[PDB]
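Engineer: pasting an experimental structure, sequence included:
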Amino acid sequence: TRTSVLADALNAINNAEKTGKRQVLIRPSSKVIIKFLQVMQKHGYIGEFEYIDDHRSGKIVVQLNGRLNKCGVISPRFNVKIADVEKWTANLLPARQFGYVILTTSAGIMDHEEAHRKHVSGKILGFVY
Amino acid sequence: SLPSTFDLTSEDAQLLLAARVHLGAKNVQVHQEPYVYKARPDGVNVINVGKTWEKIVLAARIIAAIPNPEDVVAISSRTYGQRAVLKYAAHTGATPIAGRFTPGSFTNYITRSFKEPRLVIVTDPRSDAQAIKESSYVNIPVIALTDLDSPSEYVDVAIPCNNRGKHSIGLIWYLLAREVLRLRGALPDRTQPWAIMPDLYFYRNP
Amino acid sequence: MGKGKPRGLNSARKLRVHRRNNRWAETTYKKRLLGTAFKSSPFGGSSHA
Amino acid sequence: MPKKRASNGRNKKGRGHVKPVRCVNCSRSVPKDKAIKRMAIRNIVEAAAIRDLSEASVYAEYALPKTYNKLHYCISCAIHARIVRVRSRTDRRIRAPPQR
Amino acid sequence: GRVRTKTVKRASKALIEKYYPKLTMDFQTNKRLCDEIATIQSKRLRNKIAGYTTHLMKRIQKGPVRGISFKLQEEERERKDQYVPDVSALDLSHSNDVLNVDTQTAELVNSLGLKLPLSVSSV
Amino acid sequence: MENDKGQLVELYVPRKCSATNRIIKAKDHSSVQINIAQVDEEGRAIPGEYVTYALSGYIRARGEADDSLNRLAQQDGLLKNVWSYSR
Amino acid sequence: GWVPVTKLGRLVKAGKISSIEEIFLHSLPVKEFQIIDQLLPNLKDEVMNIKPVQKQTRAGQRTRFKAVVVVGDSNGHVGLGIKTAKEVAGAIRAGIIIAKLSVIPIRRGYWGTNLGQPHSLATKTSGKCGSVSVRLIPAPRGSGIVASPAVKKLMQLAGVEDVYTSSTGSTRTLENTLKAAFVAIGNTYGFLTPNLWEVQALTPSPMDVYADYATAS
RNA sequence: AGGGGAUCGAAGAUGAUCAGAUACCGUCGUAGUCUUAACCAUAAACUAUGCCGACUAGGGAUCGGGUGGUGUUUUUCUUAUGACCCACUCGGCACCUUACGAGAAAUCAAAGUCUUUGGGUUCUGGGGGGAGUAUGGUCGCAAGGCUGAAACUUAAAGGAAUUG
Ligand SMILES: [Zn+2]
């Protein structure tokens, strides 16, 4: 059974970008996927995407750019205590220059640079770069 | 963009349909592959005409771009195309290869038949599989006169053609040899059929 | 591929107990816990005698 | 000995362990899939004549029937001359029969 | 078992390729033209070149051969392929009536061009 | 690809594939350069001017070099009514 | 003596391609030995090891000597070459030739802000060969090379100052260890970054411009 | 423990071969083979590949439905079913061709989406022997299952491929 809807979305994107595609169809759909994709949309990893509304659940279609490399997920949403973000950002990303570890918290759904300014942290969802 | 002139000659539509260029492509279907216009009854397809004549002019524009003429290679192992390639080599500078390719031609500098070209033109991807696959080792583009049966391994700019036999090989090289000379060459005007002849290509009696 | 082992947020118990079983398949761990050095090994589990 | 063939004894697929059948020569038990089934039709009179019987006989036309004997051979027995003959590595793959 | 060797056929190809003139049928005249140009040490090997070169002249009057066909032989085709026996008429115009195309091919003309000659068949 | 204030550090600022937007490596022997001529009024061709493309060896081996060329050509204006958006 | 074959060989002898970039940018082959000697002056040319290898014969065996050699300088170029001749010292001559033909660039960076010149890898790269995976992994200033002595010589020729490693597998096989690391160091140019997203004009190659001077007239 | 008991048949008799043959070959041959009530719970119980879920590549066959075709026939006249053909579609047993991926390699469209490592979850393993033995439980009328050690010995045992 599809226990993680968020994992199915980012899995389908990786197989498309590997083959050399410019469009992906994610079926299950959610609020959290739309919040996750809009962070990628700001930093230039993904172009435009449009939500098809079946009178039922949802269906998303994305436009790939040719910039992505990997878009991963970490399923057991571990708790993070601001100072311990240095462990996760070092391992999951390459280099200290750029990359994003997309996490969730009581403010909203931030990247690790955005969350550092506010002095705020919580659970983790996934990453890019 | 384009000269707003080469809009497919209405007289040349008679030459294509008489030679059976757009009356086949077999039942079998590789799935690239949008060069079609519906299926005829009893296991026969129909190739679109406007798509072919556009791509032949596109192929001529790539051949015209190279500065040194004696460079673009024409290849044919199939016995029908052997006569057509020899004519193309005579009109404009283009070293031909008839029959066997001899493996290690583009690679391996010891060989007597050592080419080092910047463009390859092929008749059949099926029979000339050695020519297309081995050309990838030293960064060479390809042009293929394919039909809907043959594969697309390293095949750039594939002109849709009819590889059943006889006529359409002779006609497509005749139109290529014309369009190469139209853009930088002998002919100062596109009008007047030009002669020469299509039947100077073709298969002969043994 | 879930890699066999339980990757749950509340898996704690099974993760700890599975390894106390698998720890017994190592000679240095097995001989330290059971203590054959005292009961065997002619010396009294010592350097010199 | 690693993996030799993919299909092996062949047709037991989407199916449990099947009925066996006895060989002709050895009287040895072997599966019906892994059987080597030749079908040998023979003229009931031997072709070395064949005229000599029909010359002296009664009636015109004459039926002159044929026996329809289906045979089975337990692999090792078939390597003695029967439908096998050991093959090369890539020659194994040809499922198309020789001749016809 | 008189199979001629490779070193005989090395000379037999090299001599006939360049010097197609000075080669006419018989042994004795062509034998005098082997020692003419080349510098062979022995008599046996010298005369054995004359044997196989003269044998190729018997076949050359009954068509060509693969690998041994140069200078005159490429030109001795050649008009036959260049100025072909055909063409009387065009040919392949609309000599036999005016295009016997199919139903689907007739419909294909309407989208692209406008009007060609059509004797449309029902298939 | 940058440093403090003065100049750009690095060499070989590499070519990206026109179809996929993927970096073409130095030893990737298979990559190609399609140079297409610039036509003028009533035949002709402008000498020393091209509409250049570049394809990676990855997609060329796959089989979608021909389909990718007609997509690029129709947008630049080197073709008419060949490659369809909807299919 | 010199005397070139092929179009690029004649082009370098005239003296138009400087050193080097125009070969690597446009992905041109380099089959001639004499090109890299003309372009790059500084080359080492250091031998790693020599294995006698046996093939079985009906009455004896055939001793043949493999020769692993590394090539580079101290800026950002490295190479590798293996060859198996029956002469021992002659195989080193053959090994140095082949390694020059497969010389390949490297992309360096930071490592924690710019300030001055770069002296380590930009991104975390890796390469596999057989069953030996290598992983690197930049460092800060003043850490030095942290790898096996065999791998250390390959990194010294590259001009990389500071880098960590994490080899995993049967790493004693010195051919597969270096050849796996050669993919990891060669895969630096390939991984996209925020810097390389900006679009460039597609330039004409040396072969297109200088067509008439090359080729035998 | 009952019934049945034709054929083949461990034990066993009994002819040859053999230096010996109580082994293969042959002639017979008890139990067993079949069933009715109980038991036993193991096999190369092998696709030597744990289940549920996505996504990635083409190609025709086939077994079951379900669609449409003035299609072909059946012919009792249109029939109307059926049975054949052409295209399409869900589910299933399988195959072919390529690897861009994976792998130590044989090979694999899953053994792919893993140093760019994280979809959910059960089970088993940690050099070779001693050993599936000792001992103690527990289960069976028995045969034996399930559970399951160490002292002590040793530098190799092994997998896939290449030459001879
Ligand atoms: Zn048998």
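Structural biologist: Perfect, I can see it now. Numbers count the residues shown, from 1 in each chain, chains lettered A, B, ... in the order given.
Engineer: residue contacts, residue E:98?
Structural biologist: Contact analysis of residue E:98 by Cβ atoms under 8 Å, 6 or more residues apart in numbering or on different chains lists E:117-119. (C-beta placed from N, C-alpha, C; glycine too.)
Engineer: between those, which has the most around it?
Structural biologist: For the contacts of residue E:98, the largest number of neighbours (other Cβ atoms under 10 Å in any protein chain shown) sits with residue E:118, at 14 neighbours.
Engineer: so how far is residue A:90 from the spatially most central residue of chain A?
Structural biologist: Against the mean C-alpha coordinate of chain A, by Cα atoms, centre = their mean, the closest residue is residue A:36 at 4.4 Å. Using Cβ to Cβ, to the nearest Å, residue A:36 is found at 22 Å from residue A:90.
Engineer: domains for chain A, by residue range?
Structural biologist: A:1-68, A:69-129 (CATH domains of a matching chain).
Engineer: out of those domains, nearest to chain G?
Structural biologist: Taking Cβ to the nearest Cβ, domain A:69-129 is the member of these nearest to chain G, at 4.1 Å.
Engineer: in chain A, which helix has the most residues?
Structural biologist: Identified as the longest helix of chain A according to DSSP state H is helix A:5-19.
Engineer: can the next helix-or-strand element following that helix be said to contact chain F?
Structural biologist: Per DSSP states H and E, the first helix or strand lying C-terminal to helix A:5-19 is strand A:24-26. No: judged by Cβ under 8 Å from any Cβ of the partner chain, strand A:24-26 stays clear of chain F, getting no closer than 14.6 Å.
Engineer: just the buried residues of strand A:24-26, please?
Structural biologist: Buried residues in strand A:24-26, counted by 16 or more other Cβ atoms under 10 Å in any protein chain shown: A:24, A:26.
Engineer: same question, stretch B:29-47
Structural biologist: Neighbour-count burial for stretch B:29-47, with 16+ other Cβ under 10 Å as criterion, is recorded at B:32-33, B:35, B:37, B:45-47.
Engineer: and which of those is nearest to residue D:70?
Structural biologist: Top of the list for closeness to residue D:70, among the buried residues of stretch B:29-47 and by Cβ to Cβ, is residue B:45 at 45.5 Å.
Engineer: next up, the contacts around the closest residue to chain C within chain E.
Structural biologist: Nearest residue of chain E to chain C: residue E:104, at 51.3 Å (Cβ to the nearest Cβ). Residue E:104 sits next to B:37-38, B:40, B:46, E:123 when contact means Cβ under 8 Å, 6+ apart.
Engineer: do the same with residue F:21
Structural biologist: Neighbours of residue F:21 in contact, by Cβ under 8 Å, 6+ apart: A:65-67.
Engineer: restrict those to contacts with chain B.
Structural biologist: Of the contacts of residue F:21, not one also sits near chain B (Cβ under 8 Å from any Cβ).
Engineer: which one of the residues you listed is nearest residue E:37?
Structural biologist: For the contacts of residue F:21, the closest approach to residue E:37 (Cβ to Cβ) belongs to residue A:66, at 67.9 Å.
Engineer: verify the stated contact: the closest one with residue F:56.
Structural biologist: No: the pair residue A:66 and residue F:56 does not pass the contact test of Cβ atoms under 8 Å, sitting 11.1 Å apart.
Engineer: helices of chain D, start to end?
Structural biologist: D:51-56.
Engineer: same deal with chain F?
Structural biologist: So, for chain F - with DSSP H - the helices run F:57-62, F:66-76.
Engineer: now those helices as TSV including distance to residue A:125 and mean neighbour count?
Structural biologist: Listed next are the helices of chain F as TSV, based on distance: least, Cβ to Cβ, whole Å; neighbours: other Cβ atoms under 10 Å in any protein chain shown:
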stretch	distance to residue A:125	mean neighbour count
helix F:57-62	31	19
helix F:66-76	35	18
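Engineer: quick one: closest of these to chain G.
Structural biologist: Nearest of those (Cβ to the nearest Cβ): helix F:57-62, 9.0 Å.
Engineer: now the helices of chain F in JSON lines, please, with extra columns for distance to residue G:195.
Structural biologist: Formatted as JSON lines, the helices of chain F follow (distance: least, Cβ to Cβ, whole Å):
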{"stretch": "helix F:57-62", "distance to residue G:195": "22"}
{"stretch": "helix F:66-76", "distance to residue G:195": "25"}
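Engineer: restrict the buried residues of stretch B:29-47 to those near chain F?
Structural biologist: residue B:32.
Engineer: quick check, nearest of the buried residues of stretch B:29-47 to chain G?
Structural biologist: residue B:32 (25.3 Å).
Engineer: three-state assignment of that closest one?
Structural biologist: Recorded secondary structure, residue B:32: coil (DSSP: H, G, I helix; E, B strand; the rest coil).
Engineer: does chain C sit close to the longest helix of chain A?
Structural biologist: No: against chain C, helix A:5-19 shows no contacts by Cβ under 8 Å from any Cβ, the least distance being 11.3 Å.
Engineer: how about that helix: buried residues?
Structural biologist: A:5-6, A:8-10, A:12-13, A:16-17.
Engineer: hmm, it touching chain B?
Structural biologist: No: applying Cβ under 8 Å from any Cβ, one finds helix A:5-19 separated from chain B by no less than 15.3 Å.
Engineer: chain A contacts on chain F?
Structural biologist: F:19-22, F:58-59, F:62, F:64.
Engineer: at 10 Å instead, please
Structural biologist: Contact residues (Cβ under 10 Å from any Cβ of the partner chain) of chain F with chain A: F:16-17, F:19-22, F:56, F:58-59, F:62, F:64, F:68, F:71.
Engineer: next, give phi and psi for the residue positioned nearest the centre of chain D.
Structural biologist: Geometric centre of chain D, nearest residue: residue D:38, 1.4 Å, by Cα atoms, centre = their mean. Phi and psi for residue D:38, reported as degrees, to the nearest 10, are phi -80, psi 150.
Engineer: that one contacts residue D:70, correct?
Structural biologist: Yes: at 7.9 Å, residue D:38 counts as touching residue D:70 under the criterion of Cβ atoms under 10 Å.
Engineer: neighbours around the residue nearest to residue G:206 when sequence neighbours are not counted, how many?
Structural biologist: Among residues not flanking residue G:206 along the chain, residue G:22 sits closest, at 5.3 Å (Cβ to Cβ, 6 or more residues apart in numbering or on different chains). By other Cβ under 10 Å, 18 other residues sit near residue G:22.
Engineer: for residue G:22, give me its contacts.
Structural biologist: If a contact means Cβ atoms under 10 Å, 6 or more residues apart in numbering or on different chains, then residue G:22 has F:12, G:11, G:16, G:28, G:39, G:203, G:205-207 as its contacts.
Engineer: scan these and report the most crowded one.
Structural biologist: That'd be residue G:11 among the contacts of residue G:22, by other Cβ under 10 Å, with 22 neighbours.
Engineer: am I right that that residue is in a strand?
Structural biologist: No: looking at residue G:11 with three-state DSSP, it is helix, so not inside a strand.
Engineer: chain C: helices as residue ranges?
Structural biologist: Along chain C, the stretches classed as helices by DSSP H are C:12-22, C:27-34, C:36-39.
Engineer: what residues does the first one touch?
Structural biologist: By that I understand helix C:12-22. C:5-8, C:11.
Engineer: before we move on, what about the last one?
Structural biologist: Under the criterion Cβ under 10 Å, 6+ apart, residues C:30-31, C:43-46 lie in contact with helix C:36-39.
Engineer: any idea how many residues pack against the closest residue to residue G:27 other than its chain neighbours?
Structural biologist: In this structure, residue G:27 finds its nearest non-sequential neighbour in residue F:31, 5.4 Å apart by Cβ to Cβ, 6+ apart. For residue F:31, the count of nearby residues is 21 (other Cβ under 10 Å).
Engineer: for residue F:31, grab phi and psi.
Structural biologist: Taking degrees, to the nearest 10 as the convention, residue F:31 sits at phi -60, psi 150.
Engineer: OK, contacts around residue F:46?
Structural biologist: F:37-40.
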